Structure formats: C-alpha cells, structure tokens
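Asks: First the structure, which I've put down as structure tokens, then a few questions once you've had a look.
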Amino acid sequence: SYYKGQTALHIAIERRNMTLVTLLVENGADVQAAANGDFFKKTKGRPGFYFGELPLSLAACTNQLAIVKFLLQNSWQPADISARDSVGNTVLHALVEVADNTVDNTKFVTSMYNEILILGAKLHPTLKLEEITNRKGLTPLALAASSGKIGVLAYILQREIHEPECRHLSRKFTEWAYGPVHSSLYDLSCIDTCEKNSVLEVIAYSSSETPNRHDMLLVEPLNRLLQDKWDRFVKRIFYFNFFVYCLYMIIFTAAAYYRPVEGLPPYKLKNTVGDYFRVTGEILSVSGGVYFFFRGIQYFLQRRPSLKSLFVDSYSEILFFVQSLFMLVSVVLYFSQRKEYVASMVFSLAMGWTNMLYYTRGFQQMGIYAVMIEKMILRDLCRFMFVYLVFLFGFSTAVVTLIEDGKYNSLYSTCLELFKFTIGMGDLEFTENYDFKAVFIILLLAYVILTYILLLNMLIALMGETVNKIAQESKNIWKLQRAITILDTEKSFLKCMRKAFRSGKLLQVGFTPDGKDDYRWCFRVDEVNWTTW
Amino acid sequence: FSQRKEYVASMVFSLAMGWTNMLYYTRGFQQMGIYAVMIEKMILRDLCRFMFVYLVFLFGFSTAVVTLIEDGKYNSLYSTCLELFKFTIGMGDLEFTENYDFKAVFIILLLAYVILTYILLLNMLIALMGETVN
Amino acid sequence: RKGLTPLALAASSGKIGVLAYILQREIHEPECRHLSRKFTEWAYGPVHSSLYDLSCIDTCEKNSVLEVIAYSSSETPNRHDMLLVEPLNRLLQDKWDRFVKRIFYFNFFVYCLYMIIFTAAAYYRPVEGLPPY
Ligand code: NA
C-alpha cells in the first residue's frame, strides 16, 4: 500500500536518463498512469513527496526541461495538459503547491511556470489553462493566495511577456513612454470581484495560522487599490458611523446619570419634561442594545470560526456582543422587580465607554498605538500576573496565620492591605495584635523587596523584545485591519445605492489570437525612471 | 512537642517559603521557564552589588539624624532607620519630629538623602538594562 | 585509567569541534563504511532520510555523553552550548514528549494538592495557650 501504484515511467523520469526514457517511451506504454500509493499522499505520514500523480507533473517539478519538452512534443502519443489526478490538481497547481518560499526555489518555479505556459499557449492557442479549477473551486492564483506563497503570487500578479504571439498572456503592459517617464497598466480581472472568491477576500478572511497574512498585502497593485477605494468613499462612511456612535453613547450616559432613587422598580412617570426625556433616552438605549445583539449574532453565524481564533481574531466582535448581553440581562432584571439591574447597567456603561478604541483605525499613529496596546494585553497579562498572584497569596496566608485576633483576622482584609503596597500606600504598622514583631517585619520587608524586583524584571523583559522589531509589524497589522474594514463596508452597500467600481474600461492589447478585441479593466500607474536607460 | 510558642514562627516561615517555592515547576513551559531563568539570574547577579551602597547610605544618614535629635519617641536607631526607609516606598514625612534644634540642618540632611537615593535608583535601572544588548 | 574514552574525554572537557565531528562522522570509501556513524537508508528526489548511531550516547553502563554533560561542574567552558549538536536535541525532545510530560504533570498536581492541604490546616490553628491541645 505504501509503494503501490508505481510504474516504470516514473523511475525512468526520476533517474535523469534521457536515453532510457526515450527507449521506454518507444515501446508504447501508457503515459496517463496514476499512482495511488500512500507514499504520495498529502500529509498521511511525515514521509512522502507529492508531485501531482502524473508523469508530466513529475518531470515538471524535478528540474526536467528537455525531458518535459520531449514528452510534450512526441509524434507517437503527446500527453494532454488538461489531465487531472484524483484530487484534481493540474501541473500548474502542483507547481504552485511545491513552492516553499526560497529564493532559488522561487526562481526555479517561476521559470518553469513561464516555460510550460508559453509552450501550452503555442501548441493549443484556443484553450486557456489558468481558468481550470479543482474540486475546491480554487484556481492556481487563488490557491497561491490562500496558502501564503509570496513569490508565486508576486510573479503572477505582474507577469510580463515580451514576445510576439504571446502578449495576450501578460498582465502588465505599457500604454506609452516619453523621456524619463512611462505609465504602466495592471489587469484587475479576478482580483476584487470574481463572483466565487477573489484574492482580496481570500487574504482578508484567512485563518491566523497562515504563514504570511500581514506581509502579503505589500505587493504592488493591492496597496494602491485599497488606498484608492478608501479615499473615494470609505472615509465618509467611517466618519458618519463614528459620529452616530458618539451621539448614542452620550445619550446613554446622560440617561443613566439621572436614574430615580425610590426603591423596587418599575417607577411611575410624572407629568414633567424630565420624565419624558428620561423615558425616551432609556428606550433609545434599549434599541441600540438589541441592534448590536442581532448584528453580532449574524456575524457569528455567517463566519463560523474555530475556537483558538476567537481571541486572536474577532477581538472586538466578542466585546460588542458582551456589552449587548449585559444590557439585555439588565432589562430582564429591571422588569422582574429587582435591584441588580443597576450593577448590570454600570458594567455595560463602563465597557461601552472603553469600547471606543475601535475607531482609532483610520488614523495612522493612533491605530499603531492601539495595535501595540492590544498586543501587549494579549502577550504579557497571563505571563506576568501568575507569579505576582502566587507571591501575594503565599505571603498573605502567612501574615494572616501569624495574627491572633481583631479586624485584620480575615483573608480579604490582609490581601487588600498587602495590595496597597504596590500603589504607594504601604503602612508597615497596620496592626499591633500579635506576637514576635521581628517575624512580622521580616515578612513585610521580604515581600516588598521581591515585588519590586519582579516589577523591574517585568519592564526590562518587556522592552527586551523591541529591538526595533515592533513598529514594522504594527504598521502591517494596522494596514490589514483597515483592509478588512474596507472590504466589509464595500460588501455592506451604503443604503440602496451602488457606485463603487475598480477602475475604467480600456483597450491595451488590441487583438487576441482571434480577431475579436478585448477589454480588461485596467488601473494605470505613473512612474518616473532616471537611471537604467 | 516541647510546650513552647515559637512553633508558630517556624510554621509561618515554612509556609511562606513553601508557597514561594513553586516556581520550580515553570520549567516544562517555554516562556514561563525563560521568565524564571531571568528572575534567578538577576537575583544572583544584582542583589549583592546593589544593596551594599544603599545600606551604607541608609546607615550613615540614620546615624547622623539620630545624633541630631535630643529626646523623644524617635531617639532610638531602629525607629529612625524605619522612618528613613519609608521614603523609598512613597511614604516620606519630612516633619516626623519637632524636638531638636537647627531645623535647617535637619531639612538639608533629609533633602540630600532623598536626592542621593533617587540618583542611585536611576543608576541601578540604567545599568541593569545596559547588559541586555539582546 | 580514569575510564574515559576519546568521546567521553571530548565531552567532559567541552571541546565542541571534536565532539561535533565525531558524532556525525561520515566515510565514503570502500572497506571503511563500518567506521562511520551517519548513514543514508534511501533517497528519492529532493528528499533523503539519514540514520544516526546511538551506541554509547544515552546508556554505556559506565558514563554516557548525556550523563557527563548534564552533571559537569560549572567551570566547564561550554556546558550550555554543547547540547545544540544535531542528534541530542531531537533525542531529548522525543524522550520528553513520550513520557516525561505525563510524569511531570502528575508530580505538579500532587504538590499543589499537598500545599493546599497544608495551608488549610495551618489557617485553623487553635488559640488557647501552652500546647499540646
Ligand atoms: Na505615595
């Protein structure tokens, strides 16, 4: 089962013997044999070499150029290119999947890709390879984007061919040049809207374990495209949303500040303006709470993410949902003739007020500041509170055990007294009912020294990580966050209107191999070159 | 079992030390283990080199201040040492006694002590990060 | 006389280069393969699997390399950096992940339970005078 399915053609190909391969081919053996052995499986056991399951793919992925040309250019029985294996991957898909982000590997892969593509175009110009999809509905470009292959994506996006009868395979062109300045064009077909899955959509919604989510948006066209969309309309949409949220929060605060103090709600309103205003404010607050609840549940339903990504990703959708839950529980308690609705309301109010850092994205420096804040919260709280809590509990138990009786004979009181030392209110003489004063003093001094050493170690370790390798990541994270916001806003059409669109229609190549012309929704960029004439 | 009362002191020392003796199990977790390693290295490499100067300064200024005072509650050495130690944790008084002469000398001594101690703490935290060049 | 072989002597005195060379020695000549310690079971395309000899590394019945490196005194030059050699890191990771993890977790749980019991017992001591009670 492990070596099952192998055929002589595979050995001949993978031994680097051209003459033996030719002699074996002369016999007439089938060139469409597929090996289903477990040794060629995806990740079934660490050992294995996936190569597409076809002899043509084997030749392509093993540095074989003359051999693959011979296989594809024989008069006896040429091998079809549109072949698909059990998984459905083609030679192009296998080439994409073999890449592992190494400079030599990247140059090899791109050279082989270009050669095979031009040969395929030359032999059968009528057919197009890049639009063939496997079972998962992924094209080579989508597959490259999903798995974080920087080199292949970068090569494909700005591909340039400078040969007659092959211009129509290119994606980057040159509209005109004059002196030190020339303007280029980039093809946007299947980048922002493909009707199945675009590059931007795949990169934005990918799970966090993907290798290079942050750094994959630095490729040329994407940055400018996102900036254009933003500056056209996302700015106005975002500012309107921010204003509305601020107004709602102000109303909620003002309504909560004037609650009545009589006992056992509900309270019967009186014939005065203040009562009407207060009731209106409360109604508005409840409406906002239910709105946020429904939006959050809708998002959680559509995305359906995993568990480990619920805090690394969606770090804000959970907070808004929790605030809404607090509001609803407060309402339920209020209409049940109890008094804990006040506690629920204050928790909701504080959390909502602190939940306003979400809107700092859209401003560069503030966004970077917020990114650093959240990274530190998620990366240091757990690692630095454990030791402190251990020390506090141990010394508090010792001190409480020493005392005989009095007001400080509990555990809560002594824990609070020892916590006071960390914020600059230590007493050192907060009780006198005990024996062996020397033990008391020694314990307190040891606790103080250990805590201060611990704080010093925490601030040195915290700056150690920043070797200047903290800002370049923060900027990329902020850019990814803004990109997600732009995509979401575009998907949620403003009102019922629809004006957004990538760029203008244009004629660049003129004519395909067929007589008919074509249009490909380009996006012009102006650049000035002084050297390398 | 000898009908005494110091077993309480022994028991509390044992309890506190045992509770703090639990950092041994942080090995087996990568980041926590590295944190504990840094903690122990700092304890063994800075305590002796940084407490000597502070204790010297504290004792000298405490002896001077005690010698200045005439009589009262703060006419001992333990009391004045504790009062001057309070300054380091944010509870300085600057007027904790009034039974003496030559108030200017008292104020000058206290100000000099405060300035020297703060300079010393600053130097300690700069020297401590200097060693970490990554 | 001290019962040290060249490998043990190299490990004890902190000679990184000699130890690194000896551990992964490779000979590619006929009639001399049996002197090697690293081999090649098979190769296929861009992938090939190697083998490492573990005789007298983790159990020699007198003194192994791991035992000598672990218990060496602190004045030895390169105790910390001598475990970065190839086979040793993976060997230690394997042993850990097989069974030391479970042993360690059980020990941690037992210690926590004992400490909780001791704290609770000490918190409720009687206050009458002149023990025993
Ligand atoms: Na203070």
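Residue numbers start at 1 in each chain; chains themselves are named A, B, ... in the order of the structure tokens; ligands are numbered from 1 in the order shown.
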Taking only C-alpha atoms and all ligand atoms into account, which residues are within 7 Å of ligand 1, as a compact mmCIF listing (two decimals) with C-alpha atoms, in the first residue's frame?
Replies:
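out_28.txt was written with the following content:
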# COMPACT_ATOMS: atom_id res chain seq x y z
CA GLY A 424 2.23 53.62 47.10
CA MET A 425 0.14 53.30 50.27
CA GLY B 90 6.34 56.60 48.81
CA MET B 91 5.53 57.46 52.43
Asks: What's the 12 Å shell around stretch 102-112 of chain C, counting only C-alpha atoms, without same-chain residues fewer than 3 positions away, as an MDAnalysis selection string?
Replies: (chainID B and resid 18:19 21:29) or (chainID C and resid 95:99 115:119)
Asks: Write out as a tab-separated table the residues of chain B that have any atom within 9 Å of an atom of chain A, one row each with the nearest atom pair and its distance in Å to one decimal, counting only C-alpha atoms, sorted by chain and then rising number.
Replies:
residue	atom	partner	partner_atom	distance
B:6	CA	A:436	CA	8.7
B:8	CA	A:402	CA	7.2
B:9	CA	A:439	CA	6.9
B:11	CA	A:398	CA	8.8
B:12	CA	A:398	CA	5.3
B:13	CA	A:398	CA	7.6
B:15	CA	A:398	CA	6.4
B:16	CA	A:394	CA	5.5
B:17	CA	A:394	CA	8.3
B:18	CA	A:394	CA	8.4
B:19	CA	A:394	CA	5.2
B:20	CA	A:391	CA	6.1
B:22	CA	A:390	CA	8.4
B:23	CA	A:387	CA	8.0
B:31	CA	A:383	CA	7.8
B:32	CA	A:383	CA	6.7
B:35	CA	A:461	CA	8.3
B:38	CA	A:457	CA	7.8
B:39	CA	A:457	CA	6.8
B:42	CA	A:457	CA	8.1
B:43	CA	A:453	CA	8.2
B:86	CA	A:426	CA	8.7
B:89	CA	A:424	CA	6.3
B:90	CA	A:424	CA	5.4
B:91	CA	A:425	CA	7.2
B:125	CA	A:456	CA	7.8
B:128	CA	A:460	CA	8.2
B:129	CA	A:460	CA	6.5
B:132	CA	A:464	CA	7.4
B:133	CA	A:464	CA	8.6
B:134	CA	A:464	CA	6.8
Asks: Using C-alpha atoms, can you export the residues from the last selection as a PDB file, in the first residue's frame?
Replies:
ATOM      1  CA  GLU B   6       7.846  29.632  68.715  1.00  0.00           C
ATOM      2  CA  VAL B   8       4.114  29.347  65.169  1.00  0.00           C
ATOM      3  CA  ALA B   9       7.025  31.439  63.887  1.00  0.00           C
ATOM      4  CA  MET B  11       5.469  27.248  60.800  1.00  0.00           C
ATOM      5  CA  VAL B  12       4.833  30.623  59.160  1.00  0.00           C
ATOM      6  CA  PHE B  13       8.377  30.767  57.784  1.00  0.00           C
ATOM      7  CA  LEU B  15       4.532  28.085  54.879  1.00  0.00           C
ATOM      8  CA  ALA B  16       5.679  31.258  53.128  1.00  0.00           C
ATOM      9  CA  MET B  17       8.833  29.633  51.773  1.00  0.00           C
ATOM     10  CA  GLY B  18       6.916  26.603  50.520  1.00  0.00           C
ATOM     11  CA  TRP B  19       4.347  28.751  48.738  1.00  0.00           C
ATOM     12  CA  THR B  20       7.055  30.808  47.034  1.00  0.00           C
ATOM     13  CA  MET B  22       6.530  26.785  43.368  1.00  0.00           C
ATOM     14  CA  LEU B  23       8.421  28.474  40.519  1.00  0.00           C
ATOM     15  CA  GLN B  31       8.081  31.247  28.030  1.00  0.00           C
ATOM     16  CA  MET B  32       7.444  30.835  31.759  1.00  0.00           C
ATOM     17  CA  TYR B  35      10.990  34.249  32.647  1.00  0.00           C
ATOM     18  CA  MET B  38      15.873  35.669  34.029  1.00  0.00           C
ATOM     19  CA  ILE B  39      14.465  36.177  37.528  1.00  0.00           C
ATOM     20  CA  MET B  42      19.016  38.817  38.264  1.00  0.00           C
ATOM     21  CA  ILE B  43      18.684  37.739  41.904  1.00  0.00           C
ATOM     22  CA  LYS B  86       9.610  54.745  54.461  1.00  0.00           C
ATOM     23  CA  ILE B  89       8.166  53.269  49.094  1.00  0.00           C
ATOM     24  CA  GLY B  90       6.343  56.599  48.811  1.00  0.00           C
ATOM     25  CA  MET B  91       5.535  57.462  52.432  1.00  0.00           C
ATOM     26  CA  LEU B 125      17.859  50.603  36.337  1.00  0.00           C
ATOM     27  CA  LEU B 128      20.554  46.782  34.680  1.00  0.00           C
ATOM     28  CA  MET B 129      19.327  47.276  31.063  1.00  0.00           C
ATOM     29  CA  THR B 132      20.966  43.421  27.657  1.00  0.00           C
ATOM     30  CA  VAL B 133      22.287  44.282  24.196  1.00  0.00           C
ATOM     31  CA  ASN B 134      19.934  41.462  23.126  1.00  0.00           C
TER      32      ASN B 134
END
Asks: Show which residues sit within 12 Å of residue C:19, as a PyMOL selection string. Count only C-alpha atoms, and ignore same-chain residues fewer than 2 positions away.
Replies: chain C and resi 6-17+21-25+57+65+69+78+82-88
Asks: List the neighbours of stretch 57-64 of chain B out to 12 Å using only C-alpha atoms; skip same-chain residues closer than 5 positions along the sequence, and give me the result as a PyMOL selection string.
Replies: chain B and resi 50-52+69+74-88+105-106+108-118+120
Asks: Keeping C-alpha atoms for every residue in the selection just given, could you write it to a file as an mmCIF file, in the first residue's frame?
Replies:
data_model
loop_
_atom_site.group_PDB
_atom_site.id
_atom_site.type_symbol
_atom_site.label_atom_id
_atom_site.label_comp_id
_atom_site.auth_asym_id
_atom_site.auth_seq_id
_atom_site.Cartn_x
_atom_site.Cartn_y
_atom_site.Cartn_z
ATOM 1 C CA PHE B 50 23.240 46.891 44.551
ATOM 2 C CA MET B 51 22.308 46.535 48.242
ATOM 3 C CA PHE B 52 25.761 47.389 49.631
ATOM 4 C CA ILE B 69 17.760 64.637 67.941
ATOM 5 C CA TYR B 74 12.412 58.834 67.733
ATOM 6 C CA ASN B 75 15.571 58.877 69.880
ATOM 7 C CA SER B 76 16.416 55.253 69.022
ATOM 8 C CA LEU B 77 18.147 53.876 65.913
ATOM 9 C CA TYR B 78 15.530 51.336 64.818
ATOM 10 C CA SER B 79 12.796 53.987 64.719
ATOM 11 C CA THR B 80 14.823 56.451 62.649
ATOM 12 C CA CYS B 81 16.005 53.727 60.273
ATOM 13 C CA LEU B 82 12.390 52.692 59.685
ATOM 14 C CA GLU B 83 11.322 56.314 59.179
ATOM 15 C CA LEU B 84 14.034 56.892 56.571
ATOM 16 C CA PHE B 85 13.213 53.586 54.869
ATOM 17 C CA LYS B 86 9.610 54.745 54.461
ATOM 18 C CA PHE B 87 10.836 57.359 51.944
ATOM 19 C CA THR B 88 11.707 54.680 49.366
ATOM 20 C CA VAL B 105 20.401 71.097 59.305
ATOM 21 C CA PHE B 106 17.511 68.631 59.561
ATOM 22 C CA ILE B 108 19.354 69.777 54.468
ATOM 23 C CA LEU B 109 20.140 66.236 55.616
ATOM 24 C CA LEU B 110 16.753 64.906 54.514
ATOM 25 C CA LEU B 111 16.938 66.580 51.095
ATOM 26 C CA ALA B 112 20.455 65.282 50.445
ATOM 27 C CA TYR B 113 19.394 61.754 51.386
ATOM 28 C CA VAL B 114 16.381 61.869 49.056
ATOM 29 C CA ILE B 115 18.384 63.161 46.091
ATOM 30 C CA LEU B 116 21.181 60.621 46.525
ATOM 31 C CA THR B 117 18.764 57.700 46.856
ATOM 32 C CA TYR B 118 16.837 58.647 43.716
ATOM 33 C CA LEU B 120 21.110 55.634 42.939
#
Asks: Using only C-alpha atoms for the distances, tell me which of A:407, A:44, A:339, A:214 is nearest to residue A:479.
Replies: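 Of A:407, A:44, A:339, A:214, the one nearest residue A:479 is A:214, counting only C-alpha atoms.
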Asks: Have a look at atom CA of residue A:2 and atom CA of residue A:30 and let me know their distance in Å, one decimal.
Replies: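 Pair atom CA of residue A:2 / atom CA of residue A:30 returns 22.4 Å.
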Asks: For chain A, work out the contacting residues on chain C at 10 Å, counting only C-alpha atoms, and write them as a list in words.
Replies: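 My answer is residues 44, 45, 46, 47, 48, 49, 119, 120, 122, 123, 124, 125, 126 and 127 of chain C.
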Asks: Can you write just those residues out, C-alpha atoms, as a short mmCIF file (atom, residue, chain, number, x, y, z; two decimals), in the first residue's frame?
Replies:
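What landed in part.cif:
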data_model
loop_
_atom_site.label_atom_id
_atom_site.label_comp_id
_atom_site.auth_asym_id
_atom_site.auth_seq_id
_atom_site.Cartn_x
_atom_site.Cartn_y
_atom_site.Cartn_z
CA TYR C 44 14.22 9.85 -3.64
CA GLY C 45 14.10 13.16 -5.48
CA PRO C 46 14.64 16.15 -3.17
CA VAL C 47 14.18 14.03 -0.01
CA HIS C 48 16.50 11.57 1.74
CA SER C 49 16.45 10.05 5.22
CA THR C 119 -2.33 25.88 54.12
CA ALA C 120 -5.87 24.92 55.13
CA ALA C 122 -2.44 25.89 59.33
CA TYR C 123 -5.17 28.51 58.89
CA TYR C 124 -7.40 27.00 61.62
CA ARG C 125 -4.93 26.51 64.46
CA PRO C 126 -6.42 26.80 67.97
CA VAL C 127 -5.71 29.83 70.22
#
Asks: For the atom pair atom CA of residue C:73 and atom CA of residue C:52, what is the interatomic distance in Å to one decimal place?
Replies: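 According to the coordinates, atom CA of residue C:73 and atom CA of residue C:52 are separated by 28.2 Å.
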Asks: Can you list every residue of chain B that has an atom at most 7 Å from chain C, with its nearest atom pair and the distance in Å to one decimal, using only C-alpha atoms, ordered by chain then number, as CSV?
Replies:
residue,atom,partner,partner_atom,distance
B:1,CA,C:132,CA,6.9
B:3,CA,C:131,CA,5.4
B:4,CA,C:130,CA,6.4
B:25,CA,C:108,CA,6.9
Asks: Could you please take those selected residues and save N, CA and C atoms as a PDB file, in the first residue's frame?
Replies:
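Result file is again-v1.pdb:
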ATOM      1  N   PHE B   1       6.313  19.962  70.387  1.00  0.00           N
ATOM      2  CA  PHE B   1       6.204  18.940  71.423  1.00  0.00           C
ATOM      3  C   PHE B   1       7.020  19.261  72.670  1.00  0.00           C
ATOM      4  N   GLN B   3       6.337  22.184  74.460  1.00  0.00           N
ATOM      5  CA  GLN B   3       5.494  23.098  75.234  1.00  0.00           C
ATOM      6  C   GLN B   3       6.005  24.541  75.157  1.00  0.00           C
ATOM      7  N   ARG B   4       6.250  25.001  73.929  1.00  0.00           N
ATOM      8  CA  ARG B   4       6.640  26.390  73.697  1.00  0.00           C
ATOM      9  C   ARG B   4       5.716  27.034  72.670  1.00  0.00           C
ATOM     10  N   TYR B  25       8.297  24.525  38.987  1.00  0.00           N
ATOM     11  CA  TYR B  25       7.503  23.785  38.019  1.00  0.00           C
ATOM     12  C   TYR B  25       7.200  24.588  36.765  1.00  0.00           C
TER      13      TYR B  25
END
Asks: Please indicate the distance in Å from atom CA of residue A:305 to atom CA of residue A:360, rounded to one decimal place.
Replies: 25.3 Å
Asks: Would you list, as a ChimeraX atom specification, the residues of chain C that end up in alpha helix (DSSP H) under DSSP run on this structure's backbone?
Replies: /C:6-12,16-23,65-71,86-95,101-123
Asks: Please report, as JSON, numbers by chain, each residue of stretch 164-221 of chain A to which DSSP assigns strand (DSSP E) when run on this structure's backbone.
Replies: {"A": [172, 173, 174, 175, 176, 177, 178, 181, 182, 183, 184, 185, 186]}
